[PDB]
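One structure is given below, encoded as structure tokens.
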Amino acid sequence: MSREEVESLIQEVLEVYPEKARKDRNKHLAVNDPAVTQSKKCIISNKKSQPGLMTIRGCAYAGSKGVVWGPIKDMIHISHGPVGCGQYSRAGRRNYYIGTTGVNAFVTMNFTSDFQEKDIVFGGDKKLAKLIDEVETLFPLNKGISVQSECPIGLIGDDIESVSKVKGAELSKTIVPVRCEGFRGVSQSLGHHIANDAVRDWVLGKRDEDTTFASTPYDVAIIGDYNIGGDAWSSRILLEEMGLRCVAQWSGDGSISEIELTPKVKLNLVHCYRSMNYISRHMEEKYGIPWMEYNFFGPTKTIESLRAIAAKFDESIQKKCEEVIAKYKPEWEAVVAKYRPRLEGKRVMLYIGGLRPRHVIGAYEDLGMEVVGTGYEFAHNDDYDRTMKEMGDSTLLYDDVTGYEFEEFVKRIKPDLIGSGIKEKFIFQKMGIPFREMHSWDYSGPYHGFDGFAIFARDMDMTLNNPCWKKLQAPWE
Amino acid sequence: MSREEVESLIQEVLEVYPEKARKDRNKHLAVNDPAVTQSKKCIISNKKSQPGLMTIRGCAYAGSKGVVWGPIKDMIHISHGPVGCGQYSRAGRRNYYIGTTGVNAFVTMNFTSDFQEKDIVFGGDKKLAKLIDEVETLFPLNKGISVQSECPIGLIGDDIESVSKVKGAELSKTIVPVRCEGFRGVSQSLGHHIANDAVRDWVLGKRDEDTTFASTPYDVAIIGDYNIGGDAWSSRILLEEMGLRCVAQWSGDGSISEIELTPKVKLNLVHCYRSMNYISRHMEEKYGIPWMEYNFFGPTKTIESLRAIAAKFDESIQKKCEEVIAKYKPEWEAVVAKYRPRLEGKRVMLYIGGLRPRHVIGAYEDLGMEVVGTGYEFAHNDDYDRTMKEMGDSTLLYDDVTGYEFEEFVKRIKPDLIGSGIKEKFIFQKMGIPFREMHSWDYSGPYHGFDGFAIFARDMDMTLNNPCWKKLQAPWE
Amino acid sequence: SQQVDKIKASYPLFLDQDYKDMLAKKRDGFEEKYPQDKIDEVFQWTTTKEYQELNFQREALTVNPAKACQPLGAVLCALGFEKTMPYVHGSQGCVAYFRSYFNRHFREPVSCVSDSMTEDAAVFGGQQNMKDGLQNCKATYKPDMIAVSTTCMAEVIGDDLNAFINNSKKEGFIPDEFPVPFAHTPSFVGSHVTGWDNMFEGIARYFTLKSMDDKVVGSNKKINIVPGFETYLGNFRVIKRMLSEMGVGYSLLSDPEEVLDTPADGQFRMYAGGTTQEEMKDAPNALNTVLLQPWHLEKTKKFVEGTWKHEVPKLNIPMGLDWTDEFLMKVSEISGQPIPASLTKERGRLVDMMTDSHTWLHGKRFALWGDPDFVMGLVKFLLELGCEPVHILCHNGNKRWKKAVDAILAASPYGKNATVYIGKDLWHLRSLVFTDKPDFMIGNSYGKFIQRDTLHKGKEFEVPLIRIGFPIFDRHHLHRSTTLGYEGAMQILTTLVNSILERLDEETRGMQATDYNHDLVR
Amino acid sequence: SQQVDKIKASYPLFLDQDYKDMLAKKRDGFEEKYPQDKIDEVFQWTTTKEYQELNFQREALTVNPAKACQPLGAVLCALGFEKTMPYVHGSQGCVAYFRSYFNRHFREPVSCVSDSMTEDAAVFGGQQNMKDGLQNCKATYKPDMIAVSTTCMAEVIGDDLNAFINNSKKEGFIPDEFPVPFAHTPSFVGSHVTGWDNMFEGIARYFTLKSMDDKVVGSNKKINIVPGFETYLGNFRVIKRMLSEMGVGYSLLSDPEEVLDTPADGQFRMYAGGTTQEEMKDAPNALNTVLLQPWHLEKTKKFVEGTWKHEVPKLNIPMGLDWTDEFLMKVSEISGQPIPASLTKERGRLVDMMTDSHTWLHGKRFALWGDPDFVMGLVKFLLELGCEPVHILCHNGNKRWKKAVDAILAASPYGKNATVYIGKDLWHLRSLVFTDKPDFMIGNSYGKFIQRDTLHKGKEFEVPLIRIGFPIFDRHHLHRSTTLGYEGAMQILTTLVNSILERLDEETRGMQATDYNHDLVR
Ligand code: ICS
Ligand code: ICS
Ligand SMILES: [Fe+3]
Ligand SMILES: [Fe+3]
């Protein structure tokens with residue numbers, strides 16, 4: 001507590017900065033007040049990073065290739081440019097899928113144009129056309145190609161749109177140009193927006209004239225679940241048990257036919273608002289499909305979500321929903337009984353990308369844990385609007401936190417556990433604070449749904465109460 | 001080479017011994033003359049070892065349990081005594097077999113009575129009886145039990161013969177007592193003799209009254225092949241291709257039913273005369289079965305052996321023998337053409353047990369290699385009678401060589417390759433001389449037969465011409 | 001469903017019948033998946049010689065490359081200097097990726113900053129980004145030095161690093177005395193090793209070019225050691241230990257071993273160890289400079305010979321027996337220090353291990369890939385073991401390196417079935433290991449997908465992966481290993497022979513089928 | 001048949017169709033084999049709980065023991081002294097076995113002699129054997145010392161070693177001043193570790209019992225170190241390195257590391273290194289004596305405390321974090337030397353590695369076996385990692401040791417599912433790993449047959465073996481490893497976590513079946 005203490009800590013941390021950097025970073029740090037629902041008056045977000053300060057943010061290409069397009073399993077995604085970007089992002093994100101890799105699925109492969117100096121000087125459109133021909137020869141079962149632009153593509157004036165149009169017409173193949181150059185925007189977020197625009201323009205409407213798909217009043221699509229560790233599958237099983245038919249699943253374990261079939265569903269279930277709100281709103285305007293946010297993190301949120309979703313359909317679905325809730329009640333109750341005593345009272349700080357820093361809070365509170373601090377790399381002010389009412393009074397909020405800032409905040413607050421990405425993990429493990437990866441689930445998971453909750457609870461216990469953390473001080477020191 | 005030089009070397013090596021040891025060891029080293037037929041007049045053998053001199057010899061338990069009885073796959077062999085002997089001999093010898101270990105085969109297991117002080121003081125016959133009951137309960141598919149006595153059994157007043165008789169009559173099971181205490185004899189050879197006597201007394205004659213087995217004029221048994229690396233299988237395939245029916249093989253991949261069936265065959269094929277001559281002679285006396293020695297080491301010996309064996313039968317077998325020889329001729333000719341140029345002129349010294357020091361010389365000569373020295377741990381004077389006519393003039397012969405003697409001889413002769421056991425291997429590798437294990441085939445093989453010859457040639461080339469041997473001298477010294 | 005006492009993660013949770021049925025329903029209803037027979041036929045075709053011929057005709061498409069971009073190497077080089085912050089002039093996404101890549105390989109924090117150039121800098125350059133970023137970095141992380149590299153954004157717009165840094169100094173953003181070496185590291189040229197070379201040459205030039213007047217070769221009685229792009233801490237450690245045993249004064253230039261191996265004792269040390277600025281300033285006074293990985297230290301070699309006037313010895317990477325011998329002898333000749341008995345004994349122990357394992361190593365066929373110096377050292381050691389390199393791949397190799405490797409291969413009978421490929425990727429290598437199957441692969445974690453594919457063809461076609469190189473993401477703490485010197489040779493020999501024996505044990509495990517050969521003693 | 005270009009050894013040669021047909025003919029015609037259905041049924045039964053009850057009711061039958069006889073330990077102890085010939089009074093077959101056992105573990109020459117007692121000595125004793133053998137051994141191999149142990153033949157007939165050796169000296173077979181320590185090492189008592197203890201106590205008594213008058217505790221400012229039966233060269237090396245880093249004067253008593261690791265440089269060195277007679281004579285003058293493996297150094301402890309008057313510290317084996325800490329602190333207290341910063345940093349690096357792999361190590365269930373001190377050290381480290389020992393087996397353990405291990409287990413929540421077995425063999429353990437399946441086994445090469453059996457039940461029931469301990473016959477050069485101290489803990493941690501990850505990779509390799517979890521990054 002002590003809102004005044006936290007505000008003082010913010011000031012003391014800020015003192016080291018030069019004047020311009022300090023003035024900028026002051027707007028991105030705030031003390032929470034749940035009654036304050038207009039976060040713009042409190043915290044600022046979605047602004048450029050301060051140079052030289054060791055931000056955690058990625059780039060548009062990561063938000064588009066790494067996040068939205070890459071998981072689409074039956075397409076081939078071309079990293080267009082020099083070799084680095086596709087290599088660092090190859091299989092780094094655990095967007096799980098079922099397929100025969102290299103034959104009919106291509107998620108964990110790295111297709112690139114591997115730009116050389118001559119490609120920079122003389123342009124790369126002809127190399128791109130030849131590359132597309134080679135892709136068609138060597139991977140005949142691919143069901144479409146996307147071109148993910150890296151920084152030099154935008155800088156050298158290459159026209160990948162015309163190449164994509166011409167080659168797609170020539171080969172009767174869907175070729176999606178994506179101008180996701182890493183210098184655009186300020187983070188992965190504009191990458192999300194650019195990728196959603198590419199989906200809308202080149203894939204989503206291919207079956208607008210096709211009326212051969214049989215539809216039912218229980219057709220839904222899962223939008224913005226990337227199936228990290230199987231999260232989307234663990235959620236889909238609950239939805240299907242409730243009597244719904246999940247036609248499409250964006251984009252984890254996703255296929256291009258599923259995207260094309262999405263305009264035929266009755267309701268869009270949005271898990272990650274931040275990344276897929278653009279296409280969800282577009283679909284509402286163009287096709288009249290309503291959409292709603294849901295949360296399958298922990299039993300309380302998933303029960304509330306299942307009931308709210310079932311309320312959008314008739315009474316039979318609602319009965320099935322109550323049956324699903326009753327069937328799973330002993331499982332999560334046993335999990336709570338086993339692991340809440342081991343975690344009751346422990347305090348957690350989080351720093352993740354754009355959705356999870358607020359979505360996992362209910363799961364933490366279901367094990368009797370408190371989130372004393374949370375923040376985002378690239379969230380927008382509507383995200384903080386949603387975040388403030390779910391966080392406790394006088395808790396710390398940080399937008400686009402610098403490495404130094406987060407280290408100092410942790411040194412003062414001293415949480416029992418930190419959840420963040422790979423670039424912070426070993427920093428705080430060396431400080432003797434338990435750390436869970438909240439992007440990749442530390443190569444564990446799934447965490448969504450009732451089955452995911454047990455894994456979440458076991459993981460938090462095994463890390464928080466691990467004996468290693470009691471051994472950092474040498475007995476002779 | 002240069003006879004007078006070799007006797008000079010013998011004298012110079014002998015000078016270090018005390019007078020009693022020197023006088024003894026003088027009788028065990030001779031310079032070979034192929035004209036000499038009675039080896040007693042030159043070299044002495046099958047005598048006690050000199051104390052403190054680091055002999056290579058084993059004990060009678062090794063000759064009986066390790067060599068003769070252990071390979072019998074469907075029996076359980078009890079190491080009766082303290083824990084060491086069975087443990088050091090567990091799976092140390094590569095007598096290959098087909099079976100389900102622990103269920104119906106037991107070769108690589110170590111069954112022991114694990115003698116404690118109380119068993120030494122108050123005897124172990126009652127422990128033996130309880131052990132046999134335990135064996136019957138825990139390994140019901142076993143087809144017989146042998147009791148291999150270690151040193152304390154003979155030393156204390158234990159009577160395993162009466163226990164075996166009583167228990168065998170009580171459980172209607174064959175229990176074979178073997179008095180192979182390690183202090184008996186001077187080497188593994190008396191172990192062979194004791195084991196053969198146990199076979200004759202307790203197993204060989206069980207079916208003397210049974211006449212239900214159908215016999216043919218082409219029935220043979222392989223006696224004294226222990227299937228090291230599959231040697232016996234690689235020989236059996238040639239014999240059966242010649243049109244013979246191998247009723248039994250002793251004792252590698254052997255079963256107790258095969259032993260009991262042996263008295264019904266027409267000819268006994270003896271590979272290791274040293275270890276199985278006792279039972280072969282007994283079988284000739286009591287059953288009238290003739291026996292002959294054969295040699296499947298290398299193409300020349302194999303062809304000669306096949307022709308002689310076929311000559312023991314009718315004309316149809318002889319025709320089949322010529323067909324087998326013709327069929328295999330290109331394979332060993334290709335082996336010779338590929339590997340003889342790489343080994344031609346190279347000189348080898350050997351030191352092995354009772355048979356292989358002379359039996360393998362033909363294969364080396366088939367690769368254009370010379371055996372400049374050979375010797376035995378435990379051979380008898382008949383073995384040296386065969387060896388001398390096998391070996392060339394002015395070559396060195398050593399019986400029960402000491403470690404110091406063999407090292408000095410090698411340092412003088414400087415052969416290109418040494419073939420011996422595990423206790424000499426690393427010594428001569430440190431001396432910078434290529435070494436092949438001639439007991440276990442260096443965990444390679446088989447070497448018998450046409451298929452074995454290719455493996456033999458590849459192994460000798462890969463070791464003799466290995467690049468490691470050119471790097472023992474650091475470039476700066 | 002879950003059982004509270006035995007909780008299942010994704011594997012094997014998704015093998016439960018309800019999940020299997022749900023996934024089958026998803027596939028049948030909405031994925032429009034190719035029939036399984038077509039998938040099998042296309043896979044089988046991808047394993048063929050005809051497919052390989054198509055695959056090796058590629059001119060524009062790269063699939064699964066075995067290299068990275070220059071600034072990653074530049075960052076690794078910068079990390080080897082004391083209290084030095086790697087600073088990448090350009091886009092921040094590159095730095096996020098570099099940090100994650102090195103985090104996953106080393107399992108340690110990696111410090112690096114960007115000046116976060118955006119489209120505005122695409123129009124008007126990144127001079128302001130440089131000024132503000134240098135000021136912010138120095139104020140916040142308090143480095144003794146900032147080493148500046150570049151992303152491809154900055155290279156394409158032609159940002160003058162020298163002018164930008166000088167203007168930052170004159171306009172008071174950072175003190176004029178504060179060392180800010182820089183290097184252009186264009187990612188569309190060469191690879192990560194080239195970036196290391198460029199960064200190191202930049203630092204060396206910054207510290208020595210203008211002060212050569214009072215420099216006297218050999219006056220400090222040391223030998224300079226330049227390790228190049230090195231991701232095994234044991235390699236730095238073994239070089240230091242071997243030089244210390246000989247009593248040879250040395251200066252390891254770019255030593256990141258401390259900052260990549262800090263203890264977990266309750267505090268975060270952003271900086272630790274590293275080459276000091278005084279060492280870099282005094283380097284021209286050394287007897288000579290030895291380059292441990294010459295095939296990517298060419299620009300550094302040009303600077304060291306042209307400016308420091310050091311007669312850089314023509315030495316291979318100290319890998320294996322012969323090249324370790326040659327390195328030690330050259331160091332002895334340069335320093336006048338004899339090779340001590342401890343190193344002689346260690347060499348004899350390696351030879352003893354070679355003689356002990358030769359029967360299992362002989363004739364084994366290997367496919368291998370990696371950086372040029374590492375690849376050629378591994379090839380040389382494999383030829384010394386009597387092993388047969390068959391497919392030698394170096395995506396970032398060149399024609400001269402390929403000719404040198406071919407000359408190495410021709411010097412041994414064991415090199416007769418070997419082919420060296422440059423500019424080829426891991427999809428090419430996948431085809432090679434299908435059509436000319438080796439016994440094993442030696443490479444980085446990206447080879448696990450090739451092992452997966454070969455297993456999919458069948459157990460008899462599977463090629464196991466032996467993880468040596470960079471990056472290794474799916475095993476823990478292998479970055480602590482050693483590959484240089486006699487100690488590294490010993491570690492590699494042990495790894496190879498025990499991989500062979502482990503495969504043999506696996507193939508002979510079947511009871512009553514193949515376990516006749518499941519020997520206790522090997 | 002064979003193909004000259006691809007020659008096949010036994011595996012896979014005997015999988016050829018002609019060989020399979022011939023073996024089927026042999027089995028059907030002459031082996032009278034039980035039908036395959038019977039074999040399957042009996043095997044399945046051997047995997048059951050009822051079979052386990054029968055198996056654990058064993059009183060007289062031992063199957064697949066996990067220990068050896070005393071003179072093997074005595075020979076290993078004797079090998080640790082300078083120019084010392086191990087001499088076993090008794091039958092020569094024992095020495096052939098000891099030498100081959102150690103040859104196969106160490107891949108190194110092992111020197112040992114016997115006096116070749118035969119049936120004649122069973123009635124006249126072995127006095128003449130002793131006289132002639134001592135004379136022959138001294139004349140031929142020129143040792144500085146002959147250390148005499150006994151086989152069970154000599155023990156049963158009651159040969160008086162003292163009288164025999166004294167008579168050999170009086171009658172001029174060997175000089176009176178030539179050191180010939182002896183120890184009775186009856187193989188029907190204890191095990192190999194007991195033989196090591198007896199031999200060491202014999203040597204220490206021979207050199208110090210009669211000269212205690214001028215001995216002053218602490219006068220030489222050293223600490224004596226007694227390692228016990230140790231078959232990892234890295235363990236000797238790490239103890240020496242750790243004591244040297246602290247600046248602690250020490251005397252390692254029985255150091256065989258040099259003679260078991262001689263270089264291959266063209267000559268055979270029968271002796272190398274080893275504790276000198278001068279060190280053993282001066283040992284009582286030390287500050288104290290530390291026993292590295294107290295649970296089999298009891299007789300040595302009695303002699304050292306009773307005669308040397310050293311207050312032997314109550315220390316566990318220095319395995320794992322806490323016991324390494326305690327060992328270092330006790331050494332610091334005894335010597336007055338502070339623990340230096342290098343050891344603090346090494347400890348922090350081990351803790352770093354722990355904090356990184358904890359997520360993969362947590363909750364893993366292990367069955368393990370070996371000698372008492374090694375087993376308890378491994379149990380303690382596993383509890384430190386958050387792993388669950390389940391089946392703890394020590395064939396040569398005792399009730400007091402079992403109680404101590406139980407107290408260790410009760411101190412941690414991770415010990416809740418653990419059971420300690422003493423006097424049980426590897427057939428008992430086979431039953432245990434069938435009926436209460438662990439994730440892995442940690443033990444010596446004899447566990448490979450258990451892995452074979454569990455695989456025969458099914459891939460889902462297979463328990464992989466992690467080879468730590470003695471003997472290791474089916475892998476090369478693992479005797480060079482370390483298990484003591486922070487370095488040993490690091491090696492063990494790496495081995496364990498990478499065994500876990502290798503198994504996971506194997507289980508997830510199936511394309512389109514389980515490879516959704518075949519992650520690049522772990
Ligand atoms: S897409 Fe976004 S950074 Fe919504 S770019 Fe990022 S798999 Fe994070 S907080 Mo990594 S907006 Fe997904 C995300 Fe959240 S990659 Fe994953 S964990 S719910
Ligand atoms: S049985 Fe004998 S020592 Fe004839 S005890 Fe020995 S498997 Fe030798 S030379 Mo090891 S008389 Fe066989 C033998 Fe020859 S164990 Fe083998 S190789 S052909
Ligand atoms: Fe770490
Ligand atoms: Fe060796």
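By convention in this document, the chains of the structure tokens carry letters A, B, ... by their order, each chain's residues are numbered from 1, and ligands are numbered from 1 in the order they are shown.
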
Counting only C-alpha atoms, what is within 7 Å of region 331-339 of chain B, bar same-chain residues fewer than 5 positions away, as a short mmCIF file (atom, residue, chain, number, x, y, z; two decimals) with N, CA, C and O atoms, in the first residue's frame?
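After the write, part-v2.cif holds the following:
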data_model
loop_
_atom_site.label_atom_id
_atom_site.label_comp_id
_atom_site.auth_asym_id
_atom_site.auth_seq_id
_atom_site.Cartn_x
_atom_site.Cartn_y
_atom_site.Cartn_z
N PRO B 299 39.74 -67.88 -45.37
CA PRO B 299 39.24 -68.70 -46.49
C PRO B 299 40.00 -69.99 -46.73
O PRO B 299 39.37 -71.00 -47.05
N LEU B 367 45.86 -62.69 -45.35
CA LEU B 367 46.04 -61.26 -45.60
C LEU B 367 47.51 -60.89 -45.81
O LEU B 367 47.88 -59.72 -45.69
N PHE B 450 33.31 -67.41 -43.85
CA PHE B 450 33.50 -66.43 -44.91
C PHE B 450 32.98 -65.06 -44.49
O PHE B 450 33.65 -64.04 -44.72
N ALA B 454 35.59 -61.19 -43.60
CA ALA B 454 35.51 -59.79 -43.99
C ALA B 454 35.64 -58.88 -42.78
O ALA B 454 36.34 -57.86 -42.82
N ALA B 457 39.28 -58.89 -41.59
CA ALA B 457 40.17 -58.08 -42.42
C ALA B 457 39.93 -56.59 -42.19
O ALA B 457 40.89 -55.82 -42.04
N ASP B 461 42.80 -54.04 -40.61
CA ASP B 461 43.19 -52.83 -41.32
C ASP B 461 42.90 -51.58 -40.50
O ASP B 461 43.76 -50.70 -40.37
N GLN D 2 28.45 -61.24 -47.37
CA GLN D 2 28.93 -59.90 -47.05
C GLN D 2 29.13 -59.11 -48.34
O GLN D 2 29.41 -59.66 -49.40
N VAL D 4 31.58 -56.20 -49.82
CA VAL D 4 32.91 -55.73 -49.45
C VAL D 4 32.90 -54.25 -49.11
O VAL D 4 33.69 -53.80 -48.27
#

Chain B residues within 6 Å of chain C, counting only C-alpha atoms: which ones, as a PDB file with C-alpha atoms, in the first residue's frame?
ATOM      1  CA  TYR B  96      26.081 -64.752 -27.916  1.00  0.00           C
ATOM      2  CA  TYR B  97      22.617 -66.316 -27.619  1.00  0.00           C
ATOM      3  CA  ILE B  98      18.972 -65.905 -28.649  1.00  0.00           C
ATOM      4  CA  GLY B  99      16.549 -65.719 -25.743  1.00  0.00           C
ATOM      5  CA  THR B 100      14.408 -63.664 -23.390  1.00  0.00           C
TER       6      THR B 100
END

Counting only C-alpha atoms and all ligand atoms, name the residues that have an atom within 6 Å of an atom of ligand 2; the answer should be given as a compact mmCIF listing (two decimals) with N, CA and C atoms, in the first residue's frame.
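Result file is out-v5.txt:
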# COMPACT_ATOMS: atom_id res chain seq x y z
N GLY B 63 37.37 -71.27 -16.15
CA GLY B 63 37.32 -72.27 -17.21
C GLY B 63 36.02 -73.04 -17.24
N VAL B 67 33.54 -70.30 -19.15
CA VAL B 67 33.78 -70.83 -20.49
C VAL B 67 32.76 -71.89 -20.89
N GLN B 188 42.67 -72.04 -16.32
CA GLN B 188 41.31 -72.34 -16.75
C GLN B 188 41.16 -73.76 -17.29
N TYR B 226 31.91 -71.32 -28.72
CA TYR B 226 31.17 -70.58 -27.72
C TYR B 226 30.53 -69.33 -28.30
N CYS B 272 37.27 -76.11 -30.57
CA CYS B 272 38.28 -75.96 -29.53
C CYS B 272 38.60 -77.34 -28.98
N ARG B 274 41.15 -77.97 -27.09
CA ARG B 274 41.66 -77.83 -25.73
C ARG B 274 40.56 -77.98 -24.69
N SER B 275 39.41 -77.36 -24.92
CA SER B 275 38.36 -77.31 -23.91
C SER B 275 37.39 -78.48 -23.97
N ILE B 352 47.25 -65.67 -26.40
CA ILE B 352 45.85 -65.97 -26.11
C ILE B 352 45.80 -67.24 -25.27
N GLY B 353 44.64 -67.89 -25.20
CA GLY B 353 44.39 -68.91 -24.21
C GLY B 353 44.82 -70.30 -24.63
N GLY B 354 43.91 -71.15 -25.09
CA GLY B 354 44.28 -72.51 -25.43
C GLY B 354 44.22 -72.93 -26.89
N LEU B 355 43.48 -72.21 -27.72
CA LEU B 355 43.30 -72.61 -29.12
C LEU B 355 43.70 -71.54 -30.11
N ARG B 356 43.23 -70.31 -29.92
CA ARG B 356 43.39 -69.27 -30.93
C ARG B 356 44.83 -68.86 -31.25
N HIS B 439 40.44 -62.25 -27.67
CA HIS B 439 39.46 -63.04 -26.93
C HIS B 439 38.03 -62.62 -27.28

>> What does the list of residues within 9 Å of ligand 1 look like if you count only C-alpha atoms and all ligand atoms, written as a ChimeraX atom specification?
In response: /A:57-58,62-64,66-68,93-95,187-189,191-192,224-228,271-276,351-359,376-379,420-421,438-441

Per residue of chain C within 12 Å of ligand 3, which atom pair is closest and at what distance in Å (one decimal), using only C-alpha atoms and all ligand atoms, listed by chain and increasing number, as a tab-separated table?
residue	atom	partner	partner_atom_place_in_ligand_line	distance
C:102	CA	ligand 3	1 (Fe)	11.3
C:103	CA	ligand 3	1 (Fe)	8.7
C:104	CA	ligand 3	1 (Fe)	9.7
C:105	CA	ligand 3	1 (Fe)	9.8
C:106	CA	ligand 3	1 (Fe)	6.7
C:107	CA	ligand 3	1 (Fe)	4.4
C:108	CA	ligand 3	1 (Fe)	4.2
C:109	CA	ligand 3	1 (Fe)	7.6
C:110	CA	ligand 3	1 (Fe)	10.6
C:258	CA	ligand 3	1 (Fe)	11.9
C:259	CA	ligand 3	1 (Fe)	10.7
C:260	CA	ligand 3	1 (Fe)	8.1
C:261	CA	ligand 3	1 (Fe)	6.9
C:262	CA	ligand 3	1 (Fe)	7.6
C:263	CA	ligand 3	1 (Fe)	8.0
C:264	CA	ligand 3	1 (Fe)	7.8
C:265	CA	ligand 3	1 (Fe)	11.6
C:268	CA	ligand 3	1 (Fe)	11.5
C:476	CA	ligand 3	1 (Fe)	9.5
C:477	CA	ligand 3	1 (Fe)	8.2
C:478	CA	ligand 3	1 (Fe)	11.5
C:479	CA	ligand 3	1 (Fe)	10.3
C:480	CA	ligand 3	1 (Fe)	10.6

Taking C-alpha atoms for each residue, export the selection above as a PDB file, in the first residue's frame.
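To be explicit, this is the file written out as result.pdb:
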ATOM      1  CA  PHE C 102      21.830 -14.746 -26.855  1.00  0.00           C
ATOM      2  CA  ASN C 103      19.607 -15.172 -23.768  1.00  0.00           C
ATOM      3  CA  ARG C 104      18.402 -18.528 -25.048  1.00  0.00           C
ATOM      4  CA  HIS C 105      21.893 -19.726 -25.959  1.00  0.00           C
ATOM      5  CA  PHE C 106      23.707 -18.561 -22.807  1.00  0.00           C
ATOM      6  CA  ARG C 107      20.795 -18.653 -20.294  1.00  0.00           C
ATOM      7  CA  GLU C 108      22.203 -15.330 -18.945  1.00  0.00           C
ATOM      8  CA  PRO C 109      21.234 -11.598 -19.182  1.00  0.00           C
ATOM      9  CA  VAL C 110      22.479  -9.802 -22.285  1.00  0.00           C
ATOM     10  CA  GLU C 258      32.904 -13.152 -17.108  1.00  0.00           C
ATOM     11  CA  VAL C 259      29.867 -11.147 -18.215  1.00  0.00           C
ATOM     12  CA  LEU C 260      28.273 -14.296 -19.688  1.00  0.00           C
ATOM     13  CA  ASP C 261      28.885 -16.379 -16.530  1.00  0.00           C
ATOM     14  CA  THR C 262      28.018 -14.187 -13.540  1.00  0.00           C
ATOM     15  CA  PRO C 263      27.120 -16.010 -10.305  1.00  0.00           C
ATOM     16  CA  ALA C 264      23.606 -16.029  -8.865  1.00  0.00           C
ATOM     17  CA  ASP C 265      24.365 -14.543  -5.447  1.00  0.00           C
ATOM     18  CA  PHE C 268      22.496  -8.380 -10.883  1.00  0.00           C
ATOM     19  CA  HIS C 476      21.075 -26.724 -20.916  1.00  0.00           C
ATOM     20  CA  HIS C 477      24.557 -25.434 -20.057  1.00  0.00           C
ATOM     21  CA  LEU C 478      26.359 -26.794 -23.136  1.00  0.00           C
ATOM     22  CA  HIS C 479      27.711 -23.252 -23.656  1.00  0.00           C
ATOM     23  CA  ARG C 480      30.076 -24.075 -20.766  1.00  0.00           C
TER      24      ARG C 480
END

> Skipping near chain neighbours, those fewer than 3 positions away, what residues fall within 8 Å of residue 449 (chain A) using only C-alpha atoms, listed as an MDAnalysis selection string?
Replying inline: chainID A and resid 231 234:235 238 296:299 302 452:453

> So which bits of region 342-465 of chain C end up helix (DSSP H, G or I) when you DSSP the backbone, as a ChimeraX atom specification?
Replying inline: /C:342-361,372-384,399-410,413-415,426-435,445-457,459-461

>> If we count only C-alpha atoms and set the cut-off at 7 Å, which residues sit around region 75-81 of chain C, ignoring sequence neighbours fewer than 6 positions away in its own chain? Please answer as a VMD selection string.
In response: chain C and resid 147 196 199 to 200 254 to 256 274 to 276
